[PDB]
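# all I have is the shape, not the residue letters:
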Ligand SMILES: *[C@@H]1O[C@H](CO)[C@@H](O[C@@H]2O[C@H](CO)[C@@H](O[C@@H]3O[C@H](CO)[C@@H](O)[C@H](O)[C@@H]3O)[C@H](O)[C@H]2NC(C)=O)[C@H](O)[C@H]1NC(C)=O
Ligand SMILES: *[C@@H]1O[C@H](CO)[C@@H](O[C@@H]2O[C@H](CO)[C@@H](O[C@@H]3O[C@H](CO)[C@@H](O)[C@H](O)[C@@H]3O)[C@H](O)[C@H]2NC(C)=O)[C@H](O)[C@H]1NC(C)=O
Ligand SMILES: *[C@@H]1O[C@H](CO)[C@@H](O[C@@H]2O[C@H](CO)[C@@H](O)[C@H](O)[C@H]2NC(C)=O)[C@H](O)[C@H]1NC(C)=O
């Protein structure tokens, strides 16, 4: 879970055997959170977090 | 069809409906699943191009399957996800409560969780089918991992 | 899919409109110049005769 005062985003990891580009069975999902000033973005996690 | 308008437009943009069979290593599955919902030759049936999968013998091995595309043309694959109505319906169809689907390419991936839900019955059917479409480029391996619920 | 389809539309829209638009601009000026040249010929012609 990530959030701002003005927006929020949360994603569940989907444990999966995807095909092995460069002998790697895994991927990385990339998102982007903009923050305005006077906002305090926080990142609650259980792991899996880059 | 989540993003119905898009898929429709794409198939429309193709201008062809040429289809080829493929023998996947669908194993330990009760396939060729039927429903009185769909009637063909006054019989319980399903969709033409698609395959419904059910458990064999109160058991379901997870389906770890691939397809190469060694050819000089893109393959447009169509599959779906069943939406079982009850926990009792769930164990009857797929013999394992937790449903999960993963499909991927080398260049993109998609995964969807089935949402067990009581829905309004169009044509006396409490369930639906969610339809997605995965394009594959050549030299890619469309692979599917599943726990069930897979069309 | 759908999104991509619409900006292909937007693109073709612009190019078509501009293409025709430019086509007219060009043709209108060509006429104008040819008019202005021979009109000045006529104007010099008149100046002499007058
Ligand atoms: C991707 O495909 C593979 C296919 O081999 C899946 O691996 C197998 O998945 C099961 C998940 O239940 C693993 O656990 C097993 O559970 C049963 C009953 O709950 C139990 O009898 C077994 O002893 C075992 O604990 C299993 O280890 C694993 N491999 C084998 C050898 O069957 C994988 O789950 C798929 N990934 C997905 C769909 O997320
Ligand atoms: C189902 O699961 C099997 C095994 O649990 C998977 O097989 C693996 O698939 C990858 C490509 O998808 C292959 O990797 C290759 O490994 C060899 C030997 O380490 C290496 O020389 C190659 O460079 C390449 O990285 C390989 O076939 C296999 N890997 C291993 C060692 O398990 C597979 O993804 C799934 N297959 C099906 C039938 O869907
Ligand atoms: C379902 O049963 C039939 C029994 O004949 C299997 O065979 C195929 O039937 C379809 C029409 O339903 C034909 O288009 C194919 O030509 C048949 N296969 C072959 C190899 O000739 C069918 O495969 C079964 N379903 C599965 C295993 O998915």
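All right, it came through fine. Numbers count the residues shown, from 1 in each chain, chains lettered A, B, ... in the order given. Ligands and ions are numbered 1, 2, ... in the order given.
# how many neighbours does residue A:18 have?
Around residue A:18 there are 19 other residues, counting by other CB atoms under 10 Å in any protein chain shown. C-beta here means a position set from N, CA and C on the backbone, and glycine is covered the same way.
# next one: stretch C:23-38 to chain centre, how far?
Relative to the chain's own centre, stretch C:23-38 is displaced by 8 Å; criterion: CA atoms, centre = their mean, to the nearest Å.
# all the strands of chain A, residue numbers only.
A:2-3, A:8-9, A:42-43 (DSSP state E).
# want to try JSON lines for those, with mean neighbour count and distance to ligand 2 as columns?
Below are the strands of chain A laid out as JSON lines (neighbours: other CB atoms under 10 Å in any protein chain shown; distance: least, CB to the nearest ligand atom, whole Å):
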{"stretch": "strand A:2-3", "mean neighbour count": "16", "distance to ligand 2": "32"}
{"stretch": "strand A:8-9", "mean neighbour count": "12", "distance to ligand 2": "31"}
{"stretch": "strand A:42-43", "mean neighbour count": "10", "distance to ligand 2": "32"}
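# out of these, nearest to residue B:106?
strand A:8-9 (26.5 Å; CB to CB).
# what does chain A have sitting close to ligand 2?
When proximity is defined by CB under 6 Å from any ligand atom, chain A lies next to ligand 2 at A:17, A:19, A:20, A:23.
# quick one: which of these has the most company?
Ranked by neighbour count (other CB under 10 Å), the residues of chain A next to ligand 2 have residue A:19 at the top, with 17 neighbours.
# please report how far that one lies from residue B:51.
According to CB to CB, to the nearest Å, residue A:19 stands 22 Å off from residue B:51.
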